[PDB]
2 protein chains.
Amino acid sequence: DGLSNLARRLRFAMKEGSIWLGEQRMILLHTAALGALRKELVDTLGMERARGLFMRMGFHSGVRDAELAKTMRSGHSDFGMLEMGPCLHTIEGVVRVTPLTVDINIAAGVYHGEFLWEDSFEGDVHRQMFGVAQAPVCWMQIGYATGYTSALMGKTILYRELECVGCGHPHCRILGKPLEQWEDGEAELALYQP
Amino acid sequence: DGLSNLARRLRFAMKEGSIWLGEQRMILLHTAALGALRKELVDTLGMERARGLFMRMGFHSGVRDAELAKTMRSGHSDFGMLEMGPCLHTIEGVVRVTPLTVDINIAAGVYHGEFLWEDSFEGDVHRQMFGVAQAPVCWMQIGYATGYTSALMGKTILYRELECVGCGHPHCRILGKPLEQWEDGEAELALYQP
Ligand SMILES: Cc1cc(C)cc(O)c1
Ligand SMILES: Cc1cc(C)cc(O)c1
Ligand SMILES: [Zn+2]
Ligand SMILES: [Zn+2]
């Protein structure tokens, strides 16, 4: 339902060498090319700084997709709106998202959400350039979730991967909740600032 | 046409969370997300070093697309081969490309090429992140032209932007020729190196 409905917002305007998702102009980019940039940033600026750059990039993506979701608001419950994030992330070929348990009420500022990530392009590309890492690696993907749901909730919602293929697990798994639920919350919120 | 023949190689598996162009996995990325990262890379690394990173990302992309083009080469001429570059760049929503004059013989190592760029995304995004620039800004677009043509020729063929929207012009225009056939060429080459 969501996928096939949000997918109609994706448009290819070749007369103008352009691709549009709702109101945001998009490009098709090779994962290997974005992987090479990551290798460069990590090799020179260091892993933890490269991780902030990517999380932040993903954040900005997430916020934009939330604004598109807001326009198609009417007729959707709070879960329906939230769902659109996982849907656009999947359409964008970033990851296959399966929403498991989602507790949301925007009016009350309620949010607790856990999702499954399959075929994460990011974990799958960090490994090709860096082998297995001893910490979750889908930086840009976590950034997106955080930005989207934060835009949607109108308060800081932070996400973390509980499991990542970049660490050598069968899947990535993530959890998102208010900044008051996270033990290292202020340290996590810091990463999203230039 | 090039765009129709090359469209058959773009596979959207929305029920997979993936996108493939030939045998390269792609993502759809918000140009505004790329702009954000560009701003942080300039602000902290400086214009020139940021530029190197984007040109090299473009280069990786153009090289992968030339591999795709070399697959479909049954009865296509050298120009037909070359023309797949500009086509792919368009399909990817990067720019609207119009070849102006192009002399190419792959066997003979000859290449002289001139191209019109309309609605270049990169010049658009730069302008919104930094204002008008005091030199050509379509870095990844250029890297791409270089990388693709070079892989197709088996010979280093560099491009430069002769005119560009990011600088105040109504469009971008570019020149591609042999490496050493450039004055500071040996210096342009240095930017395609980590
Ligand atoms: C907005 C969003 C939310 C979740 C849980 C995953 C994703 O890929 C995107
Ligand atoms: C390989 C290539 C060549 C030209 C002229 C434009 C472009 O966007 C890519
Ligand atoms: Zn992961
Ligand atoms: Zn330009």
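Quick notes on this one:
- Any hit, the stretch A:4-17, residues being within 13 Å of another protein chain (Cβ to nearest Cβ), among the hydrophobic types (A, V, I, L, M, F, W, C) and buried (at least 22 other Cβ atoms within 10 Å of the Cβ): yes
- Residue check, B:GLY80 at negative phi and either within 16 Å of ligand 4 (Cβ to nearest atom) or crowded, with 18+ Cβ neighbours inside 10 Å (or both): no
- Picking from residues in the stretch B:126-150 that are within 16 Å of ligand 2 (Cβ to nearest atom) and β-branched (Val, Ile, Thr), the one that is nearest to B:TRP182 (Cα to Cα) is B:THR146.
- For A:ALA151, the conditions (1) within 20 Å of A:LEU68 (Cβ to Cβ); (2) part of a loop (DSSP other than H, G, I, E, B) are fulfilled apart from (2).
- Unique residue being under 30 Å from B:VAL63 (Cα atoms), at the interface with chain B (Cβ under 7 Å from one of its Cβ atoms) and among the acidic types (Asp, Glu) when the list is A:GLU48, A:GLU40: A:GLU40
- The numbered conditions (1) within 14 Å of ligand 3 (Cβ to nearest atom); (2) closer than 26 Å to B:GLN24 by Cα are all true for A:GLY131 except (1).
- Only one of A:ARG64, A:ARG96 that is buried (at least 22 other Cβ atoms within 10 Å of the Cβ), within 17 Å of the chain's Cα centre (by Cα) and among the basic types (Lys, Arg): A:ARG64
- Scan of the stretch A:52-103 for residues that are assigned to a loop (DSSP other than H, G, I, E, B) and more than 14 Å from chain B (Cβ to nearest Cβ), ordered by number: A:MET72, A:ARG73, A:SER74, A:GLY75, A:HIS76, A:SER77
- Qualifying residue in the stretch A:127-149 (condition: farther than 21 Å from B:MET14 by Cα, in contact with a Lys or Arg (Cβ under 8 Å, 6 or more places away or on another chain) and of a type in the set (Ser, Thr, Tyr)): no
- Unmet requirement for B:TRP20, which otherwise passes all of (1) touching a residue at least 60 places away in the same chain (Cβ under 8 Å); (2) surrounded by fewer than 22 Cβ atoms within 10 Å (Cβ to Cβ); (3) of a type in the set (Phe, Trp, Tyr): (1)
Heads up, the Cβs are rebuilt from the backbone with ideal geometry, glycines too, and the neighbour counts pull from every protein chain shown. Read the figures in this text as sums done on the coordinates, not as results from a lab.
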